[PDB]
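Report on the structure
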Amino acid sequence: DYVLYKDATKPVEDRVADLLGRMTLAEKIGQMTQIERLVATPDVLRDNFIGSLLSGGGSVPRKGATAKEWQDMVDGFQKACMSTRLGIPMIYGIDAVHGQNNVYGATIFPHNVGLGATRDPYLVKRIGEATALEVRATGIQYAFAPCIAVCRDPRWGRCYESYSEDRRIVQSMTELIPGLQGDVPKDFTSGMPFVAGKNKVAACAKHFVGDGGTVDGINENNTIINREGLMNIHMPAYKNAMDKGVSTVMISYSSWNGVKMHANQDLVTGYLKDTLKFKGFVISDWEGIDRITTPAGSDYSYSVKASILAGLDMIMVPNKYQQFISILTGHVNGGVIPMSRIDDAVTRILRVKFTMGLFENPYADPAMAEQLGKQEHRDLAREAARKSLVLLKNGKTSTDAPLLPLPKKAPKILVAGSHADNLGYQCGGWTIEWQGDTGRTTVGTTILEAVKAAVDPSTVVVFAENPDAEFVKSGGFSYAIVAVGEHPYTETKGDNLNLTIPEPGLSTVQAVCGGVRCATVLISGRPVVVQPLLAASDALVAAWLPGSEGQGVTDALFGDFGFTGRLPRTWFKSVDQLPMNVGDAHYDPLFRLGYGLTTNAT
Ligand SMILES: *[C@@H]1O[C@H](CO)[C@@H](O[C@@H]2O[C@H](CO)[C@@H](O[C@@H]3O[C@H](CO[C@H]4O[C@H](CO)[C@@H](O)[C@H](O)[C@@H]4O[C@@H]4O[C@H](CO)[C@@H](O)[C@H](O)[C@H]4NC(C)=O)[C@@H](O)[C@H](O)[C@@H]3O[C@@H]3OC[C@@H](O)[C@H](O)[C@H]3O)[C@H](O)[C@H]2NC(C)=O)[C@H](O[C@@H]2O[C@@H](C)[C@@H](O)[C@@H](O)[C@@H]2O)[C@H]1NC(C)=O
Ligand SMILES: *[C@@H]1O[C@H](CO)[C@@H](O[C@@H]2O[C@H](CO)[C@@H](O[C@@H]3O[C@H](CO)[C@@H](O)[C@H](O)[C@@H]3O[C@@H]3OC[C@@H](O)[C@H](O)[C@H]3O)[C@H](O)[C@H]2NC(C)=O)[C@H](O[C@@H]2O[C@@H](C)[C@@H](O)[C@@H](O)[C@@H]2O)[C@H]1NC(C)=O
Ligand SMILES: *[C@@H]1O[C@H](CO)[C@@H](O[C@@H]2O[C@H](CO)[C@@H](O[C@@H]3O[C@H](CO)[C@@H](O)[C@H](O)[C@@H]3O)[C@H](O)[C@H]2NC(C)=O)[C@H](O)[C@H]1NC(C)=O
Ligand SMILES: OC[C@@H]1[C@@H](O)[C@H](O)[C@@H](O)c2nc(-c3ccccc3)cn21
């Protein structure tokens, strides 16, 4: 017979229905199953008709693996999936959340909070475009981004993954989506999924919904807010995502007024699917269904029932697929979960796969490998890093000479601090490892390296990680650049009730600035206690987590470009004020949202 679903000339909806009508229950449940590459094998993928794989943070074929190595890995998995009776290609997902960040040599862009500081949605679109190319360079078709959380309390470990505490800024930055996926057609119906083809990736608006509104910024916790507030703060950017054809939505670990998002049929089915008319696929977070219960995983039968009935389509298991498949099969065999629900989930998954061209181009393009770390993308990251910087102070009194921009020609200068020559620290979490890491973890340019690359050949650059006061006073320095701040973190490991930077940091700034005029570069995922750093410093720059291209920092320090970044978040006076956001009745910031000093290019 002619087999319609294999015909690339046929409409997506026709292809979906034709394929769905041929599938066994095992093949359907297989599509709904996403597994870690760490548990995948050719036989496993074939035997269980697996629909998707992912790499979690740090889940890589080997350290320092080339783009070709990633392609060969993904293709090996694909070959197994293509060998099934129906030959449904798998989709491979990864957290490419500031570039293709798990991958050695990938361009690392500034994290979201810094991007928010740029107020430049077209810049963010261009980052999406570059990111899609670097993800496809590694054979991967699906990025778990953007995080469109609206972080309402910086004690949250994922505050850096949020563009802003102001939903309007988060809404504007949804331009990442058509960057990653391609621009939607003129005819486009809001809520339909879209990916332009083999040089773009499926995107993922996450985490639905209110992940940024949890009590005291406790990760995965309870968001206590009325429906009006949920809809006014936490929801708006999802509608922009629908308008831009986001292919997938990932559900949050968090709860809304005590109801787990992973079990919330009202929001997932009633609102996202039935009201916003979302027609792509809904994916769980990692063991997100396990975490419906207390303790997590204590009633996995319930977890599967609750989540699938709530409206989730694909489960990021990611390890215990046999248990998942067995339990879901049993619920269906028993009539507890209707075939209509399974058919809906599979319809949505297949719709995304056919739409994005996956059946036509299931394998990697070796000619794309060279896109990884491409200099043009690094130039873009450098632009973004520079634009993200917020100048908080530029002179100790209203009558001092402005310190910035600094002269490129001086007899001798000092570069100091724990963050001056630490690529891992300047990238933060979700870089190479899940939690990020310390030192030279990838290809990039540290602040020290950037200074050396910028200054006149006659200027002597001295590096001292933690010099004492006497070293500085006796050094004959013209000025110093001192870089300090937070260590890399991700998710719960980043939750922090005190928001004070690790030492040595302040002590180094005090030692250096006490001896010579100093520009302090603060590397952080969020506002942190800053008055003492301010008091010591002639100038102070909030650089956020600027990524691999440290020359973005020096581009502004030395006046190649003027500072333009503006705070995308409130800077608090103390943590006991928190939560405190723009528009609050009680609003007493150290620096308001939108604050930022400027300079002009030399
Ligand atoms: C304000 O709250 C913060 C969050 O609660 C808190 O930071 C956390 O402190 C705890 C300890 O109280 C840390 O847990 C331990 O981490 C040890 C190793 O920590 C180093 O490596 C990790 C990455 O693996 C970094 O994230 C850390 O920052 C730290 O980095 C090292 O720091 C040195 C000093 O600056 C540097 O010289 C050094 O170069 C640098 N090294 C690296 C690799 O960058 C582990 O060995 C411990 O076992 C412990 O781990 C925990 O074990 C219990 C388990 O429940 C936890 O899940 C597990 O994490 C934690 O890492 C840290 N969180 C961060 C930074 O994200 C602040 O504490 C301050 O900083 C810490 C690091 C200590 O210096 C404290 O003495 C200090 O108080 C809180 N600040 C205040 C004022 O109270
Ligand atoms: C010395 O520095 C100052 C301060 O940065 C420069 O003035 C700024 O110039 C910006 C760029 O031209 C102005 O931004 C624009 O503002 C308009 C009006 O709101 C807006 O419609 C534009 O989109 C743009 O806004 C930016 O868009 C990109 C975002 O990422 C960014 O966050 C937005 O700010 C800005 O308003 C202006 N600021 C002030 C206080 O005047 C100044 O530049 C000089 O003057 C401006 C007005 C303009 O005519 C420039 O061509 C001109 O160079 C700069 N001076 C020099 C000599 O470089
Ligand atoms: C929001 O976060 C709080 C704080 O982490 C969560 O409450 C905590 O819930 C855990 C279990 O999920 C409790 O752990 C248990 O502690 C008791 C101690 O008697 C012990 O018997 C158990 O073995 C287990 O370890 C923990 O006590 C509790 N913490 C506090 C201080 O209340 C809360 O569940 C989170 N809410 C949401 C919606 O996620
Ligand atoms: O990496 C896959 C997803 C990612 O896309 C989500 O944004 C994020 O919430 C997340 N946390 C874990 C994860 C959490 C705890 C242990 C192991 C893994 C896994 N993931």
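Criteria and thresholds
By convention in this text, residue numbers begin from 1 on each chain and track the written sequence, not necessarily the entry numbering, and residues missing coordinates are not displayed. Numbering of ligands from 1 and lettering of chains from A proceed in the order in which they are written. Side-chain calculation: all heavy atoms of the structure are included, whereas hydrogens and water are not. Being near a molecule or strand, for a residue, means having at least one of its heavy atoms within 4 Å of it. Think of a polar contact as two N or O atoms within 3.5 Å of one another; within protein, one of them needs to be a possible hydrogen donor and the other a possible acceptor, and neighboring residues in sequence only count if both atoms come from side chains. Throughout, the Shrake-Rupley method with a 1.4 Å probe supplies accessible areas, and for residues the shown protein chains are the sole cover considered. In this classification, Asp, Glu, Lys and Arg are treated as charged, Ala, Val, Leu, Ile, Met, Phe, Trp, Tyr, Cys and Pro as nonpolar, and every other residue, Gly included, as polar. The helix count covers DSSP runs of H or I at least four residues long, the strand count covers runs of E at least two residues long, and both are numbered beginning at the N terminus. For the domain bounds, the source is a domain assignment made automatically or taken from a database. What makes two strands pair is DSSP finding at least two bridges between them. Our working definition of a disulfide is a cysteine sulfur pair at a distance within 2.5 Å. Accessibility here uses a 1.4 Å probe with only protein chains present; expressed as a share of the type maximum, an area under 20% marks a residue as buried, one over 50% as exposed, and anything in between as partly exposed. Any carboxyl oxygen of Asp or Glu that lies within 4 Å of a side-chain nitrogen of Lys or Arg is treated as forming a salt bridge with it. It only takes one pair of heavy atoms within 4.5 Å for two residues to be counted as in contact.

Another aspect to go through is the site of ligand 1. Residues in close proximity to ligand 1 include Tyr 425, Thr 438, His 487, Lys 493, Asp 495, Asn 496, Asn 498, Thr 500, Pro 502 and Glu 503, which together make up its full environment. Contact between ligand 1 and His 487: an oxygen atom at 2.7 Å from a side-chain N or O atom of the residue. Considering ligand 1 on its own, with 1,300 Å² of exposed area, one finds that the protein chains cover 32% of that surface. Broken down by class, the residue content of the shell around ligand 1 amounts to two nonpolar, five polar and three charged.

Another aspect to go through is unusual backbone geometry. Cis rather than trans, the peptide bond between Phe 208 and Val 209 has omega equal to -5 degrees. Within the element layout of this structure, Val 209 appears in the loop between β5 (204-208) and β6 (222-223). In this model, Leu 404 is joined to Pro 405 through a cis peptide bond whose omega is 0 degrees. Here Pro 405 is to be found in the loop between β12 (390-394) and β13 (412-416). With phi around 65 degrees, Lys 277 is a residue other than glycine that occupies positive phi space. Mapped onto the elements, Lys 277 comes out in the loop between α11 (265-273) and β10 (281-283). At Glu 287, a position not held by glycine, the phi torsion is positive, near 55 degrees. Turning to its location among the elements, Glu 287 is positioned in the loop between β10 and α12 (300-310).

Moving on to the site of ligand 4. The immediate surroundings of ligand 4 are formed by 16 residues, with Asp 95, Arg 158, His 207, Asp 285 and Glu 491 found nearest. Interatomic distance of 2.8 Å between a side-chain N/O atom of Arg 158 and an oxygen atom of ligand 4. With respect to ligand 4, the side chain of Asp 285 contributes an N or O atom lying 2.6 Å from an oxygen atom. The class makeup of the residues in the shell around ligand 4 is eight nonpolar, two polar and six charged. Composition of the shell around ligand 4 by domain shows at least three residues from each of domain 1 (1-373) and domain 2 (374-602).

If you trace the five strands from one edge of the open sheet to the other, you get β4-β3-β2-β1-β11, paired in parallel fashion. If you trace the sheet from one side to the other, it starts and ends with β4 (142-143) and β11 (315-316), each paired once. One ladder, built from three bridges, connects strand β1 (residues 33-36) with strand β2 (residues 52-55); its direction is parallel. For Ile 35, the partnering residue across the bridge sits in β2 and is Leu 53.

Turning our attention to the sheet that holds strand β8 (residues 255-256). Taken in spatial order, the three strands line up as β6-β8-β9 in an open sheet, and their pairing is mixed. This sheet does not close on itself; its edge strands, each paired only once, are β6 and β9 (259-260). Examined bridge by bridge, β6 and β8 share two bridges and lie parallel to one another. Looking across to β8, one finds that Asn 222 is bridged to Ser 255.

Our next topic: the state of the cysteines. Taken as a whole and judged by the stated rule, the model has two disulfides. One disulfide in the model links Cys 513 with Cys 518; its S-S distance is 2.0 Å. The sign of the 95 degrees torsion about the S-S bond sets the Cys 513-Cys 518 disulfide as right-handed. For the pair shown, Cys 513 and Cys 518 are each scored as buried. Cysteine pairing in the chain follows 1-2, 3-4, where each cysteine in a disulfide is numbered by its order in the sequence. Here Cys 81 stays free of any disulfide, with the sulfur of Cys 204 as its closest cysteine sulfur at 20 Å. Owing to a relative accessible area of 2%, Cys 81 belongs among the buried residues under this scheme. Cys 204 takes part in no disulfide bond, and the closest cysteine sulfur, belonging to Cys 147, lies 9.7 Å away.

This brings us to the pattern of salt bridges. One pass over the structure, following the stated rule, counts 32 salt bridges. Here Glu 165 ties to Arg 569 by a salt bridge, and the two come within 3.7 Å at their closest N and O atoms. One end of the pair, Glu 165, is in the loop between β4 and α7 (167-172); the other, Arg 569, is in the segment after α21 (551-557), and 404 residues separate them in sequence. Taking relative accessible area as the criterion, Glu 165 reaches 1% and is therefore assigned buried. Classification of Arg 569 as buried rests on a relative accessible area of 2%. Salt-bridge contacts for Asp 588 lead to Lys 573; the nearest nitrogen and oxygen are separated by 2.8 Å. Of this pair, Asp 588 sits in the segment after α21 while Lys 573 sits in the segment after α21, and the two are 15 residues apart along the sequence. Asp 588 sits in the partly exposed class, given a relative accessible area of 37%. Residue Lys 573 is classed as partly exposed on the basis of its relative accessible area of 37%.

Turning our attention to the side chain of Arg 158. Relative to the helices and strands, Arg 158 is located in the loop between β4 and α7. Among the residues examined, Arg 158 registers a relative accessible area of 3% and is labelled buried. The residues contacting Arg 158, other than those within four sequence positions of it, are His 207, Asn 219, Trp 430 and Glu 491.

These values are about where atoms sit, not about what they do.
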